[PDB]
$ cat run-v2.txt   # compact mmCIF, C-alpha atoms
# COMPACT_ATOMS: atom_id res chain seq x y z
CA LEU A 143 45.14 108.49 74.98
CA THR A 144 46.72 108.24 71.62
CA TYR A 145 43.74 109.81 69.89
CA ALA A 146 44.72 111.31 66.57
CA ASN A 147 41.81 113.65 66.11
CA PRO A 148 38.78 114.55 68.21
CA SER A 149 36.82 112.54 65.62
CA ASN A 150 38.54 109.50 67.16
CA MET A 151 37.66 110.02 70.84
CA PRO A 152 34.41 108.64 72.36
CA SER A 153 31.39 110.84 71.98
CA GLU A 154 31.14 111.65 75.70
CA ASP A 155 34.90 111.93 76.13
CA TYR A 156 34.85 114.89 73.72
CA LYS A 157 31.44 116.22 74.72
CA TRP A 158 31.98 116.66 78.39
CA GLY A 159 35.63 115.43 78.50
CA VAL A 160 37.52 112.30 79.47
CA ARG A 161 36.94 110.72 82.85
CA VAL A 162 39.23 111.72 85.69
CA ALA A 163 40.12 109.41 88.58
CA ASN A 164 38.02 108.89 91.69
CA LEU A 165 39.26 110.21 95.02
CA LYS A 166 41.58 107.75 96.72
CA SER A 167 39.72 105.03 98.66
CA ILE A 168 40.87 101.56 99.51
CA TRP A 169 39.17 99.89 96.51
CA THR A 170 39.57 103.02 94.31
CA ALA A 171 43.38 103.01 94.36
CA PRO A 172 44.40 99.37 94.04
CA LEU A 173 47.98 98.42 93.67
CA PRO A 174 49.19 98.39 90.07
CA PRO A 175 47.48 95.44 88.42
CA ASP A 176 50.76 94.23 86.91
CA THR A 177 52.15 94.08 90.44
CA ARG A 178 54.10 90.90 91.12
CA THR A 179 52.85 88.69 93.91
CA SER A 180 55.88 86.43 93.59
CA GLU A 181 59.28 86.20 91.95
CA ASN A 182 61.12 83.05 91.00
CA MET A 183 64.82 82.59 90.91
CA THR A 184 65.81 79.62 88.87
CA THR A 185 67.80 77.53 91.24
CA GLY A 186 69.91 74.42 90.79
CA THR A 187 68.37 71.04 91.65
CA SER A 188 70.19 70.53 94.98
CA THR A 189 71.78 73.90 95.56
CA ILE A 190 71.08 77.57 95.48
CA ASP A 191 73.64 80.33 94.90
CA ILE A 192 73.68 82.32 98.10
CA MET A 193 75.25 85.21 96.17
CA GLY A 194 72.86 84.89 93.18
CA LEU A 195 69.92 85.06 95.54
CA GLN A 196 71.27 88.38 96.91
CA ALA A 197 71.43 89.75 93.42
CA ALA A 198 67.90 88.42 92.69
CA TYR A 199 66.65 90.63 95.43
CA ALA A 200 68.54 93.67 94.06
CA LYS A 201 66.88 93.26 90.67
CA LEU A 202 63.33 92.74 92.01
CA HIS A 203 63.81 95.96 94.02
CA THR A 204 64.49 98.05 90.96
CA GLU A 205 61.46 96.42 89.34
CA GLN A 206 59.14 96.95 92.28
CA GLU A 207 60.07 100.65 92.46
CA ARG A 208 59.26 101.24 88.79
CA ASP A 209 55.96 99.43 89.25
CA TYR A 210 54.77 101.32 92.35
CA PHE A 211 56.33 104.84 92.07
CA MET A 212 58.48 105.37 88.95
CA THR A 213 56.28 104.49 86.05
CA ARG A 214 57.44 107.89 84.64
CA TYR A 215 61.04 108.69 83.34
CA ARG A 216 60.92 112.01 85.01
CA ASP A 217 60.09 109.91 88.06
CA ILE A 218 62.82 107.24 87.82
CA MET A 219 65.09 110.25 87.46
CA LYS A 220 64.03 112.10 90.45
CA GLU A 221 64.85 109.08 92.61
CA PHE A 222 68.39 109.33 91.24
CA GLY A 223 68.55 112.78 92.82
CA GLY A 224 68.35 114.56 89.45
CA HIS A 225 65.77 116.72 87.68
CA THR A 226 64.16 116.76 84.26
CA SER A 227 62.81 119.85 82.52
CA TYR A 228 59.23 119.68 81.32
CA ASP A 229 61.15 119.91 78.09
CA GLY A 230 62.90 116.58 78.61
CA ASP A 231 59.63 114.64 78.67
CA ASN A 232 57.39 117.08 76.78
CA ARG A 233 54.95 117.48 79.60
CA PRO A 234 52.57 120.40 79.87
CA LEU A 235 53.75 122.67 82.65
CA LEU A 236 51.31 123.06 85.57
CA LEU A 237 51.27 126.77 86.31
CA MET A 238 48.48 127.02 88.89
CA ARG A 239 46.10 124.82 90.80
CA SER A 240 42.97 125.68 92.79
CA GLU A 241 40.82 123.30 94.68
CA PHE A 242 37.68 123.87 96.70
CA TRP A 243 34.41 122.43 97.95
CA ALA A 244 31.22 123.84 96.46
CA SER A 245 28.17 124.36 98.64
CA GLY A 246 24.90 126.25 98.81
CA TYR A 247 21.59 126.17 100.67
CA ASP A 248 18.29 124.30 100.71
CA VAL A 249 15.03 125.71 99.45
CA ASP A 250 11.95 124.96 101.51
CA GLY A 251 8.84 123.92 99.58
CA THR A 252 5.71 125.58 100.98
CA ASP A 253 2.61 124.38 99.04
CA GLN A 254 0.04 121.85 100.29
CA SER A 255 1.89 118.89 98.79
CA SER A 256 5.63 119.76 99.09
CA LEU A 257 5.58 121.31 102.59
CA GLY A 258 8.33 119.31 104.39
CA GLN A 259 10.31 118.88 101.18
CA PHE A 260 13.58 120.62 100.19
CA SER A 261 15.83 121.23 97.23
CA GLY A 262 19.54 121.86 97.75
CA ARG A 263 20.90 124.88 95.85
CA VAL A 264 24.66 124.79 95.33
CA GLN A 265 26.04 128.26 94.65
CA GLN A 266 29.78 128.48 95.14
CA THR A 267 31.85 131.61 94.61
CA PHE A 268 35.37 130.68 93.62
CA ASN A 269 38.51 132.40 92.46
CA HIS A 270 41.66 131.34 90.87
CA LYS A 271 44.84 133.23 90.45
CA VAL A 272 47.50 132.39 87.97
CA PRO A 273 50.49 134.45 89.07
CA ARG A 274 52.26 136.40 86.40
CA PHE A 275 54.14 134.05 84.14
CA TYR A 276 56.91 134.41 81.63
CA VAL A 277 56.05 132.59 78.39
CA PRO A 278 59.38 131.18 77.08
CA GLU A 279 58.00 130.25 73.65
CA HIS A 280 54.77 130.50 71.65
CA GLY A 281 52.00 128.23 72.95
CA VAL A 282 48.58 127.94 74.55
CA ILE A 283 47.53 128.19 78.17
CA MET A 284 44.80 125.78 78.95
CA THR B 285 117.19 101.12 104.83
CA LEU B 286 115.82 100.53 101.35
CA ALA B 287 114.76 102.68 98.41
CA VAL B 288 112.17 102.19 95.69
CA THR B 289 111.69 104.48 92.68
CA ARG B 290 108.45 104.24 90.66
CA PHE B 291 106.34 106.02 88.04
CA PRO B 292 102.49 106.16 88.04
CA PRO B 293 101.15 103.18 85.98
CA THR B 294 100.43 105.22 82.82
CA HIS B 295 99.89 102.88 79.85
CA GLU B 296 99.73 104.29 76.33
CA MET B 297 96.76 102.07 75.38
CA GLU B 298 94.38 101.89 78.39
CA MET B 299 90.73 102.58 77.50
CA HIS B 300 87.80 103.56 79.74
CA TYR B 301 85.98 100.35 80.63
CA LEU B 302 82.60 101.72 79.46
CA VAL B 303 84.19 102.74 76.13
CA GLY B 304 85.98 99.39 75.59
CA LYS B 305 83.06 97.09 76.46
CA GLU B 306 80.68 97.32 73.46
CA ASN B 307 76.99 96.95 74.46
CA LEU B 308 76.13 99.08 77.47
CA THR B 309 73.42 97.54 79.67
CA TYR B 310 71.39 99.27 82.38
CA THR B 311 73.70 97.80 85.03
CA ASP B 312 76.85 99.28 83.43
CA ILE B 313 75.62 102.81 82.63
CA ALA B 314 72.92 103.81 85.20
CA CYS B 315 74.93 103.37 88.44
CA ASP B 316 71.84 102.17 90.26
CA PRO B 317 72.78 102.08 93.97
CA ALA B 318 70.71 99.00 94.67
CA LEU B 319 72.50 97.07 91.91
CA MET B 320 76.14 98.03 92.53
CA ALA B 321 75.61 97.59 96.25
CA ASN B 322 74.33 94.02 95.88
CA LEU B 323 75.83 91.76 93.09
CA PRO B 324 79.05 89.60 92.93
CA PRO B 325 82.44 90.93 91.80
CA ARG B 326 82.65 91.23 88.02
CA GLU B 327 85.21 89.21 86.07
CA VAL B 328 86.71 91.25 83.29
CA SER B 329 89.59 90.77 80.81
CA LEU B 330 92.63 92.78 79.88
CA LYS B 331 90.41 93.26 76.82
CA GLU B 332 87.86 95.62 78.30
CA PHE B 333 90.66 97.95 79.29
CA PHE B 334 93.43 97.65 76.68
CA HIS B 335 92.95 98.15 72.91
CA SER B 336 94.39 94.84 71.56
CA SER B 337 94.61 92.72 74.66
CA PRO B 338 93.34 89.11 74.73
CA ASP B 339 89.80 88.38 75.70
CA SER B 340 91.34 85.56 77.84
CA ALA B 341 93.46 87.40 80.53
CA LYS B 342 90.88 87.96 83.31
CA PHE B 343 90.65 89.73 86.66
CA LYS B 344 87.88 90.46 89.16
CA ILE B 345 86.68 94.01 89.65
CA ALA B 346 84.06 95.51 91.96
CA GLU B 347 80.76 96.34 90.26
CA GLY B 348 80.64 100.04 89.39
CA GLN B 349 84.41 100.35 89.85
CA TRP B 350 84.47 102.15 86.50
CA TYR B 351 82.44 104.95 88.17
CA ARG B 352 84.77 105.44 91.11
CA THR B 353 87.72 106.06 88.87
CA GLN B 354 89.30 107.43 85.74
CA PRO B 355 92.38 106.16 83.77
CA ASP B 356 95.01 108.55 82.56
CA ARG B 357 94.79 109.25 78.87
CA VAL B 358 97.66 109.38 76.39
CA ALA B 359 97.05 110.43 72.77
CA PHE B 360 98.18 107.89 70.09
CA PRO B 361 100.75 110.46 68.91
CA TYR B 362 102.71 109.45 71.97
CA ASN B 363 102.78 105.60 71.81
CA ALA B 364 105.50 106.06 69.13
CA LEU B 365 107.80 108.14 71.31
CA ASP B 366 110.76 107.21 73.46
CA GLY B 367 111.57 109.61 76.28
CA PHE B 368 108.19 109.40 78.09
CA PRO B 369 108.04 107.50 81.43
CA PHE B 370 104.88 105.68 80.35
CA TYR B 371 103.89 102.04 79.81
CA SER B 372 104.19 101.34 76.08
CA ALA B 373 103.81 97.58 75.91
CA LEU B 374 100.60 95.75 76.72
CA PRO B 375 99.97 94.36 80.22
CA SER B 376 101.09 90.89 81.21
CA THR B 377 98.35 88.36 80.62
CA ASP B 378 99.25 87.06 84.16
CA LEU B 379 97.82 88.73 87.29
CA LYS B 380 100.92 88.94 89.48
CA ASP B 381 103.40 90.07 86.81
CA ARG B 382 100.98 92.73 85.45
CA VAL B 383 100.71 94.28 88.94
CA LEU B 384 104.16 94.16 90.38
CA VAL B 385 105.63 96.74 87.99
CA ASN B 386 107.23 95.83 84.59
CA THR B 387 110.45 97.79 85.03
CA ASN B 388 111.95 96.99 81.60
CA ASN B 389 109.27 99.13 79.93
CA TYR B 390 111.32 102.12 81.05
CA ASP B 391 114.58 101.17 79.35
CA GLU B 392 113.57 103.23 76.32
CA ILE B 393 112.97 106.39 78.41
CA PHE B 394 116.70 107.00 79.18
CA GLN B 395 119.67 107.98 76.88
CA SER B 396 122.77 106.00 77.88
CA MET B 397 123.09 104.27 81.21
CA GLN B 398 125.73 102.34 83.07
CA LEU B 399 124.19 103.89 86.27
CA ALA B 400 121.01 101.97 85.82
CA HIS B 401 117.76 103.90 85.71
CA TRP B 402 118.48 106.00 88.85
CA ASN B 403 121.52 106.89 90.97
CA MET B 404 121.80 108.40 94.46
CA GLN B 405 124.51 110.14 96.50
CA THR B 406 123.63 110.42 100.18
CA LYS B 407 125.39 111.02 103.48
CA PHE B 408 123.95 108.76 106.15
CA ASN B 409 124.39 110.69 109.38
CA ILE B 410 123.87 108.09 112.09
CA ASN B 411 124.27 108.45 115.83
CA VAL B 412 124.22 105.52 118.23
CA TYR B 413 124.33 105.83 122.01
CA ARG B 414 125.77 102.77 123.72
CA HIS B 415 127.75 101.65 126.77
CA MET B 416 130.93 100.80 124.80
CA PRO B 417 134.33 100.01 126.08
CA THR B 418 136.46 102.69 124.43
CA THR B 419 139.24 102.73 121.81
CA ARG B 420 142.18 102.81 124.25
CA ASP B 421 140.72 100.48 126.91
CA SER B 422 140.35 97.64 124.40
CA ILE B 423 143.87 97.89 122.99
CA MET B 424 145.14 98.46 126.49
CA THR B 425 145.69 94.81 127.84
CA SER B 426 146.21 96.73 131.04

$ encode --input "run-v2.txt" --output "structure tokens"
Amino acid sequence: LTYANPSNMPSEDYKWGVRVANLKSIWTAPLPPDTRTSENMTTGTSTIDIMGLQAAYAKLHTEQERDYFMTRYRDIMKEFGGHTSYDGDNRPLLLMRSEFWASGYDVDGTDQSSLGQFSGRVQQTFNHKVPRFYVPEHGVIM
Amino acid sequence: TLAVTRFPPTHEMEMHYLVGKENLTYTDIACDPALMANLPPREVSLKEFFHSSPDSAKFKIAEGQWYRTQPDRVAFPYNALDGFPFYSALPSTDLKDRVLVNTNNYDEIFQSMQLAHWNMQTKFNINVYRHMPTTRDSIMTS
């Protein structure tokens, strides 16, 4: 999202915020669309290079990995056994994360017409704790 | 019983492969395990290792060999100095010759010499146990 100014983002993207991804299903987490279903190695007319073939496989491997898991530098790095500071790739630092399921209770209708009818009331008490944190430089915590 | 005196192959003009080969590709600089572990030996020239050497004198190296090793390094201030047991001259275009040591490139390291490059004075204390006649029983027709 290379939006320059909020006056550039879709009305509802900046009203309620941009759309997050659905929870992993089979159809809701397809393989990367640019995912190769085949790979050609230009061969000779009546011979193939047994050693070239080998190599062909080594390259496709490196490609496949980038496609499926290391689409991120910080990611192609980690698989090298190294690490990259959130300062190497200018990524906001995730300080804390809370997740929970919100619930509530049903309200029973009791008049002549809506007796046997209910309305679910979702009241969920939650709490989130961001442990003390040392701010290296000036910035915002979102 | 034979002797052989040698000096480590320190040339005054050997350059680090990666620093002598101009454009660095992903394969040369990343040291991707998958790659190094799976393509043919690389044919290189005395030119990717020595500062003036012909593009034409080739030899086959193992991919990523430049990452398993490190040449010795001799400052230019030296290559103009006789008295240092180093390799001044350039290699020998030819494989063989440029491996089996080039003795002559050590002539300049010594002062005067009618005792070659090296001389030795040793007392060979041998002891053989036989079943020999004897000194008197051989000269004793008897």

$ interface_residues --input "run-v2.txt" --of "chain B" --to "chain A" --cutoff "12 Å" --atoms "all atoms listed in the file" --output "MDAnalysis selection string"
chainID B and resid 310:311 314:325 347

$ write_last_selection --input "run-v2.txt" --atoms "C-alpha atoms" --output "PDB file, in the coordinates of the input"
ATOM      1  CA  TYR B 310      71.390  99.270  82.380  1.00  0.00           C
ATOM      2  CA  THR B 311      73.700  97.800  85.030  1.00  0.00           C
ATOM      3  CA  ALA B 314      72.920 103.810  85.200  1.00  0.00           C
ATOM      4  CA  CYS B 315      74.930 103.370  88.440  1.00  0.00           C
ATOM      5  CA  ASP B 316      71.840 102.170  90.260  1.00  0.00           C
ATOM      6  CA  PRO B 317      72.780 102.080  93.970  1.00  0.00           C
ATOM      7  CA  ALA B 318      70.710  99.000  94.670  1.00  0.00           C
ATOM      8  CA  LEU B 319      72.500  97.070  91.910  1.00  0.00           C
ATOM      9  CA  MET B 320      76.140  98.030  92.530  1.00  0.00           C
ATOM     10  CA  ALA B 321      75.610  97.590  96.250  1.00  0.00           C
ATOM     11  CA  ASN B 322      74.330  94.020  95.880  1.00  0.00           C
ATOM     12  CA  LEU B 323      75.830  91.760  93.090  1.00  0.00           C
ATOM     13  CA  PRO B 324      79.050  89.600  92.930  1.00  0.00           C
ATOM     14  CA  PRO B 325      82.440  90.930  91.800  1.00  0.00           C
ATOM     15  CA  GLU B 347      80.760  96.340  90.260  1.00  0.00           C
TER      16      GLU B 347
END

$ atom_distance --input "run-v2.txt" --atom1 "atom CA of residue A:236" --atom2 "atom CA of residue A:223"
21.3 Å

$ atom_distance --input "run-v2.txt" --atom1 "atom CA of residue A:261" --atom2 "atom CA of residue A:248"
5.3 Å

$ residues_near_point --input "run-v2.txt" --point "(53.9, 92.5, 91.8)" --cutoff "10 Å" --atoms "only C-alpha atoms" --output "list in words"
residues 173, 174, 175, 176, 177, 178, 179, 180, 181, 202, 205, 206, 209 and 210 of chain A

$ residues_around --input "run-v2.txt" --residues "residue B:354" --least-positions-apart "4" --cutoff "10 Å" --atoms "all atoms listed in the file" --output "list in words"
residues 299, 300, 301, 349 and 350 of chain B

$ atom_distance --input "run-v2.txt" --atom1 "atom CA of residue B:286" --atom2 "atom CA of residue B:408"
12.5 Å

$ closest_residue --input "run-v2.txt" --among "A:249, A:284, A:237, A:160" --to "residue A:272" --atoms "only C-alpha atoms"
A:237

$ axis_aligned_box --input "run-v2.txt" --around "stretch 244-261 of chain A" --padding-each-side "3 Å" --output "JSON"
{"center_x": 15.6, "center_y": 122.6, "center_z": 100.4, "size_x": 37.2, "size_y": 13.4, "size_z": 13.9}
